[PDB]
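Reading through the structure tokens given below for one structure.
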Ligand SMILES: Nc1nc(NC2CCCCC2)sc1C(=O)c1ccc2ccccc2c1
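In PDB author numbering, the protein residues as written are 1 to 36, 45 to 154, 163 to 298.
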């Protein structure tokens, strides 16, 4: 490339190929994302202003030769791989707590600036050797619009609501929290209806009592089976009651009842939070 030198392909992201690259002028290593609209350019450019320790920095937006690239700060591992690498022993609770706390700070920051992610998943949660965890790709979904993982999708999205709110990110993070604890995805659906029914089988089929307005959602069908809610203690053992209480608030059906990132940071679960060093094999 004219301005970068590719080191290697990292993988296929939501919007195009992602490469580990080196800036020719500075020598800095970055995550270069090729995007496969004028409104998009202006909107994404605004995201360069975001700066928070728990957000992967968007270093630049490059629009040349009628191609679009996003340059992001590079991190050495994502949470998906770290979880796989920690499958035999599990991620220590203090580290799970630290990561969840940091992720909520990242969400609280973005949300306060009116920026949603909409597609949080272990793949876009990046970690470094110092114990930090950061979220990548906030705001891209809105700017760009429309096999993809549905495992972390909020129910309102699965039910066809086309108006998103900050709550969709809290739902996704709750699912990730559960996965770090049990070492298994919470709702590993293989289709949109399977995803929805896995949620219903665990949390109970929603109704107008727990979710006012649910029966009027675009894809809601009166024919959905009626499953009873499972005992929460069976879903994420052996997470303690503070952890279970917080998780339940992040997984409320009604997005308006779902806890905010800001309020979650004050939950008793974080009374003893610390910042442990993870053991990363790079
Ligand atoms: N900043 C940043 N550093 C990265 N280093 C890699 C971490 C995992 C191990 C190899 C280096 S990956 C990254 C992303 O921002 C990012 C996020 C989601 C992705 C989903 C699918 C494919 C690529 C993706 C890349």
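Think of the CB as a built atom: it goes at the ideal place given N, C-alpha and C, for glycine as much as any other residue.
Alpha carbon of residue i to alpha carbon of residue j, nearest angstrom
i: residue 182; j: residue 80; result: 23 Å
i: residue 102; j: residue 256; result: 13 Å
i: residue 114; j: residue 269; result: 23 Å
i: residue 175; j: residue 234; result: 6 Å
i: residue 277; j: residue 64; result: 18 Å
i: residue 150; j: residue 198; result: 32 Å
i: residue 138; j: residue 68; result: 24 Å
i: residue 224; j: residue 252; result: 26 Å
i: residue 34; j: residue 237; result: 39 Å
i: residue 228; j: residue 271; result: 10 Å
i: residue 303; j: residue 130; result: Summary: the structure shown does not reach residue 303, with the chain confined to residues 1 through 298, and so no result is reported for it.
i: residue 55; j: residue 74; result: 21 Å
i: residue 179; j: residue 120; result: 18 Å
i: residue 279; j: residue 191; result: 18 Å
i: residue 213; j: residue 226; result: 17 Å
i: residue 12; j: residue 21; result: 15 Å
i: residue 76; j: residue 17; result: 12 Å
i: residue 201; j: residue 96; result: 15 Å
i: residue 27; j: residue 6; result: 12 Å
i: residue 219; j: residue 36; result: 37 Å
Simplified DSSP state of residue i, which is helix, strand or coil
i: residue 183; result: helix
i: residue 6; result: strand
i: residue 35; result: strand
i: residue 229; result: coil
i: residue 223; result: coil
i: residue 22; result: strand
i: residue 128; result: coil
i: residue 148; result: helix
i: residue 275; result: coil
i: residue 178; result: coil
i: residue 95; result: coil
i: residue 269; result: coil
i: residue 194; result: helix
i: residue 244; result: coil
i: residue 107; result: helix
i: residue 58; result: coil
i: residue 239; result: coil
i: residue 216; result: helix
i: residue 50; result: helix
i: residue 117; result: helix
i: residue 249; result: helix
i: residue 287; result: coil
i: residue 259; result: helix
CB of residue i within 8 Å of CB of residue j, strictly
i: residue 157; j: residue 46; result: Residue numbering in the chain breaks between 154 and 163, and residue 157 falls inside that break, so it has no position here.
i: residue 132; j: residue 83; result: no
i: residue 126; j: residue 184; result: yes
i: residue 189; j: residue 91; result: no
i: residue 108; j: residue 4; result: no
i: residue 195; j: residue 166; result: no
i: residue 141; j: residue 23; result: no
i: residue 283; j: residue 262; result: yes
i: residue 118; j: residue 152; result: no
i: residue 217; j: residue 187; result: no
i: residue 296; j: residue 116; result: no
i: residue 8; j: residue 19; result: yes
i: residue 78; j: residue 49; result: no
i: residue 171; j: residue 99; result: no
i: residue 161; j: residue 232; result: Missing here is residue 161; the chain as given proceeds from 154 to 163 without the residues in between.
i: residue 39; j: residue 128; result: Between 36 and 45, the chain has no modelled residues, which means residue 39 does not appear in the coordinates.
i: residue 259; j: residue 285; result: yes
i: residue 211; j: residue 169; result: yes
i: residue 70; j: residue 31; result: no
i: residue 221; j: residue 204; result: no
One or two residues paired with residue i in a DSSP bridge
i: residue 86; result: 134
i: residue 71; result: 76
i: residue 16; result: 13
i: residue 29; result: 22
i: residue 143; result: 63 and 133
i: residue 81; result: 30
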